[PDB]
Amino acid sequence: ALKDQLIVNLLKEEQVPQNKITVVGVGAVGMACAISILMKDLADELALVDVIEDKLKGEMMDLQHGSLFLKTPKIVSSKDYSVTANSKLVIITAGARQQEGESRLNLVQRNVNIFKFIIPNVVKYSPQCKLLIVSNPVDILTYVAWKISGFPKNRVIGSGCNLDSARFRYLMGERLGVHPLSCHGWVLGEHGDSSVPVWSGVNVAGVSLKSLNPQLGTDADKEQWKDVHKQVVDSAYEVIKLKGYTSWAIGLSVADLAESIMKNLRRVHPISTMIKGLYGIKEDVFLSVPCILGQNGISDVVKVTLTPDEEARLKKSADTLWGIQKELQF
């Protein structure tokens, strides 16, 4: 054989990848997560899983054809979860997605049912993985993945408000003529309608925007900064109406979180985690708060100082999620 005339083999290697990432779901979200991760050189192996055989195979082949331009030596796919074995990070993007005008909370039963099959299959092949939930409603589905997996809470993460906060920083950046990297602001709670903008922490170079404008984010704000939060809430609905779905921004948001996990950065991200014991919350509610994210997942939570109105809005987001969460059939 030609391979043998050209090359002399020294050993049969173990082959087990050291930085493998699995993406579950090859829809628009899943593929945007896949491309972003490949262009960030985060993994030595990428695995894709879906239920539509043709689409899964087509997507895998199309990424594979770009291998020359990448540094991810192995790209694989299968409907069988054995393809996901030894993943460091498994990203779940599978399930029903919002239609035009549809609340993310409307996807709950359909996605809890899908998660009942997915989660035991992921766990079986990667018992030491970190789970990164992207499927919606993300907060409730992070709780679902946690309960099903049996994993400790540090290893079950939801993409949460990482994108909501990125959108907030982009809009603030556009209003001020400053790059979003130099605009600071936190959107917490549900990744949806009940999210909370933390006006007290909104700043550029550590200068509180609220110290210059005390009415910042209120109805009495002459510049109406609350419309920035309204744009954050409405963004996914506005994008879906225009292009039928969202993909690029969530893909970048997920690869940003994947980078912190894979590279053990210990950067702070507003992501879905259990908030039991914070702000008077007594139940197993999962929603976004600023978390320290690394190789072991969420190791710590930043206790944000909320005004009484900000805390009341966060407890409202918590009540909305727990109302659905507490009555789940699984």
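Numbering starts at 1 and runs along the sequence shown. So that the term is clear: the rigid core is the largest set of C-alpha atoms that superpose within 1.5 Å between two forms.
Between 105-113 and 194-202, greater CA displacement relative to the shown form is found for 105-113 when the structures in 9 other deposited structures of this protein are fitted on the core. Superposing on the core and measuring CA offsets in 9 other deposited structures of this protein, the stretch of 249-257 and 91-99 with the greater mean deviation is 91-99.
Averaged over Cα atoms, the B-factor as recorded in the entry is higher for 143-151 than for the other of 143-151 and 179-187. Between 121-129 and 249-257, the higher mean Cα B-factor belongs to 121-129. For the set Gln64, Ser288, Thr305, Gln295, the maximum C-alpha B-factor listed in the entry falls on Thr305.
By the numbers in the PDB entry, the CA B factor is greatest at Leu216 among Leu216, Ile240, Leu171, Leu107. When the modelled residues of the chain are ordered by their C-alpha B factor, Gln98 lands in the highest third. In this PDB entry, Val204 carries a Cα temperature factor that places it within the middle third of its chain's modelled residues. Ranked against the other modelled residues of its chain, the C-alpha B-factor of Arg267 as given in the entry falls in the lowest third. The PDB entry assigns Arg167 a C-alpha temperature factor belonging to the lowest third of its chain's modelled residues. Sort the modelled residues of the chain by CA B factor and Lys40 lands in the lowest third.
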